[PDB]
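1. before the rest arrives, take these chain(s) from the complex:
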Amino acid sequence: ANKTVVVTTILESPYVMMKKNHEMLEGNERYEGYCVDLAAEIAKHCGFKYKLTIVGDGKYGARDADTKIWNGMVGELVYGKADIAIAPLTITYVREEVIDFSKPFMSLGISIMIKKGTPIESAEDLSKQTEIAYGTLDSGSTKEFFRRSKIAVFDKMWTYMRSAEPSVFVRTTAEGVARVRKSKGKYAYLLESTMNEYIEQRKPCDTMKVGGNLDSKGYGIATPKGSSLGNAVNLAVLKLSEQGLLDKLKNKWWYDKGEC
């Protein structure tokens, strides 16, 4: 018999955001954003009812090196706490080994956010100076990229970041943004081009994405490995992509009401 599908997601603008009047709203109505709209479209095409739930620990997902335990949305899927993740969850090798991913619904690359006027144009620029600190989000794919990289410039960046004091890592994108904005150009933030380009369109329009992306990947809808939901959701993603609905949702949440 049909059950309500438990969707794990994360409060990350503009994917999932609290609606203005959330304090008097319940269930899915509390939220708005790209992934809220996407969940609606996927559910419609797949014919299921669902319940959006914000991941408890507020993390994307990393495996503890000691205990081998997955946290974040990946953990929610791995341990059977959610049926599907509809979020800016990056497709990675280590994750692909433990959960299923649809074909990508959005492309991104790691990128550099600076306060306007910062004399940085590239990862190479960052790696060759010490005046401007830089870091990444915790418990996500960007941090793991640097930790695992065998590419010289990135390995050099990781060697710096891992030991920098105070810590250059942040717990949320918002914290990284604030750090860039408040540091008078002495902090640059390594984040996905999607979030970077979003922030670039928000007041007070004091940040910008600089240089090319450091890699190329995408977000996928994730399900527990072997989940029967996987096939249908994947086709739904390709259909929506082909129909141009994904391009429409991107423009809607990034650019249509940009503030800059």
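-> Done, it's in. Residues are numbered from 1 along each chain as shown, chains lettered A, B, ... in the order given.
2. ok, now how distant is residue A:106 from residue A:170?
-> 22 Å (Cβ to Cβ, to the nearest Å). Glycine gets a C-beta too; all of them are placed from N, C-alpha and C.
3. And for residue A:154?
-> According to Cβ to Cβ, residue A:154 stands 19 Å off from residue A:170.
4. Check the secondary structure at residue A:218 for me.
-> Under DSSP: H, G, I helix; E, B strand; the rest coil, residue A:218 falls in the strand class.
5. Contact partners for it?
-> Taking Cβ atoms under 8 Å, 6 or more residues apart in numbering, we find residue A:218 in contact with A:90, A:91, A:104, A:105, A:106, A:107, A:108.
6. Where neighbours are concerned, which of those residues has the most?
-> Neighbour counts for the contacts of residue A:218 peak at residue A:105, which has 25 neighbours (criterion: other Cβ atoms under 10 Å).
7. which non-adjacent residue is nearest that residue?
-> In space, residue A:105 comes closest to residue A:237 once its chain neighbours are excluded; the distance is 5.2 Å by Cβ to Cβ, 6 or more residues apart in numbering.
8. Could you report the separation of the one you found from residue A:225?
-> As judged by Cβ to Cβ, residue A:237 and residue A:225 stand 18 Å apart.
9. Pick out whichever of those two has more residues nearby.
-> Between residue A:237 and residue A:225, residue A:237 has the larger neighbour count (other Cβ under 10 Å), namely 22 against 13.
10. Hmm, residue A:45 and that one touching each other?
-> No - if you go by Cβ atoms under 8 Å, residue A:237 and residue A:45 don't touch, sitting 9.3 Å apart.
11. all helices of the stretch 101-250 of chain A, in order?
-> All helices of the stretch 101-250 of chain A, identified by DSSP state H, counting those that start in this stretch, fall at A:123-127, A:141-148, A:152-163, A:173-182, A:193-200, A:229-243, A:245-250.
12. Deepest in the core, which of those helices is it.
-> helix A:193-200 (a mean of 22; mean count of other Cβ atoms under 10 Å).
13. how about the residue nearest to the spatial centre of chain A, secondary structure?
-> Against the mean C-alpha coordinate of chain A, by Cα atoms, centre = their mean, the closest residue is residue A:88 at 4.0 Å. What three-state DSSP gives for residue A:88 is coil.
14. Spit out the contact partners of it.
-> A:10, A:12, A:15, A:35, A:106, A:108, A:192, A:194, A:195, A:219.
15. ok, what's across the strand from residue A:106?
-> Judged by DSSP bridges, the bridge partners of residue A:106 are residue A:219.
16. Chain B follows; place it on the structure:
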Amino acid sequence: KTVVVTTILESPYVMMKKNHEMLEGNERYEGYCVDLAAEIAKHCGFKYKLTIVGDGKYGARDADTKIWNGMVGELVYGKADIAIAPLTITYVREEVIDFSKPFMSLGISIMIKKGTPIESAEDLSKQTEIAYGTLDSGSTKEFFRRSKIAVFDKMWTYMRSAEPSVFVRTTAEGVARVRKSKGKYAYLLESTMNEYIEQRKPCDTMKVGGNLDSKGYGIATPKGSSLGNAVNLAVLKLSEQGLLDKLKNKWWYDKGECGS
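-> Okay, chain B now, added to the rest:
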């Protein structure tokens, strides 16, 4: 035993090496997909035989007979174990075959003779002096055929009825037509092949406007093939090691045939 790889002669993905007539087996061929096949096979631990698709087509389903041709057909009817080629991930194909996560991104794009007065798909659709078309039996044609997006629908209505036929059998042939058409023929093809051609003599073509859509190529296996899982992880591993980027830079490497 020996994995049979179906692929297609398409520069710079798979090309006959100089003096190939005295070569044998896999050594006859060079290119991005040739190198990729080697890398995938090494990671997955299989021996393989590259074979060029008999009918020289990517893959389309005959409306009447509902039979698949091209590489898609070779997978569907058991003639090959895997396709390693610039084979576009699409909804209709995903229904009948398995695809790895993408190893390369692309979008449908416009190729014009330099100086042609066109900067967008919209421009093309709003005029009639410049003819335009696509490859036969491929994802670009099916995209326009299936599209409910206004401008693309208009372009299709024109293309389907244009006489003489605006469709071509091969990329080389569409490119020739652009060059020999004094600018009265624009070619719709994938950004990857467009950008490759853009950097080669006689440097008289160019990619204009943004891409009309966003998708990628995937390594394809028959539905439910056990090779699928390993090949998918291999793609992600190569991507994260930056080996896919290295391959792209190598085969799209600009020796400065045009300017510089």
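17. try the contacts of residue A:218 again now we have chain B.
-> Contact analysis of residue A:218 by Cβ atoms under 8 Å, 6 or more residues apart in numbering or on different chains lists A:90, A:91, A:104, A:105, A:106, A:107, A:108, B:102.
18. one step back: if I look at the residue nearest to the centre of chain A, how far off is chain B?
-> Distance, residue A:88 to chain B, using Cβ to the nearest Cβ, to the nearest Å: 16 Å.
19. need the residues of the stretch 1-150 of chain A near chain B, please.
-> Within the stretch 1-150 of chain A, the positions adjacent to chain B are A:91, A:92, A:93, A:96, A:97, A:101, A:103, A:104, A:107, A:145, A:148, A:150 by Cβ under 8 Å from any Cβ of the partner chain.
20. now do 6 Å
-> A:93, A:96 (Cβ under 6 Å from any Cβ of the partner chain).
21. count of residues packed around residue A:49?
-> Using other Cβ atoms under 10 Å in any protein chain shown, residue A:49 has 10 other residues around it.
22. how about it, phi and psi?
-> For residue A:49, the backbone dihedrals (degrees, to the nearest 10) come out as phi -90, psi 150.
23. Neighbours of the spatially closest residue to it that is not a sequence neighbour, how many?
-> With sequence-adjacent residues excluded and distances taken as Cβ to Cβ, 6 or more residues apart in numbering or on different chains, residue A:49 is closest to residue A:4, at 5.0 Å. Neighbour count for residue A:4, taken as other Cβ under 10 Å: 10.
24. quick one: residue A:4 from residue B:68, how far?
-> Residue A:4 is 38 Å from residue B:68, by Cβ to Cβ.
25. cool, and residue A:179?
-> For residue A:179, the distance to residue B:68 equals 54 Å [Cβ to Cβ].
26. measure the residue nearest to the centre of chain A to residue A:105 for me?
-> Plainly put, residue A:88 is 9 Å away from residue A:105 if you go by Cβ to Cβ.
27. shared neighbours, those two?
-> Here residue A:88 and residue A:105 have residue A:219 as joint contacts, going by Cβ atoms under 6 Å, 6 or more residues apart in numbering or on different chains.
28. Please name the bridge partners of residue A:101.
-> On the basis of DSSP bridges, residue A:101 is bridged to residue A:222.
29. Surely it and residue A:219 touch.
-> No - Residue A:101 lies out of contact with residue A:219 (Cβ atoms under 6 Å); the separation is 8.8 Å.
30. burial count for residue A:228?
-> 8.
31. just residue A:116 next, same as before
-> The local packing of residue A:116 (other Cβ under 10 Å) involves 12 other residues.
32. what sits against it?
-> Per Cβ under 6 Å, 6+ apart, neighbours of residue A:116: A:206, A:208.
33. hmm, back to that, residue A:251: which of the contacts of residue A:218 is nearest?
-> Closest approach to residue A:251 among the contacts of residue A:218 (Cβ to Cβ): residue A:106, at 12.3 Å.
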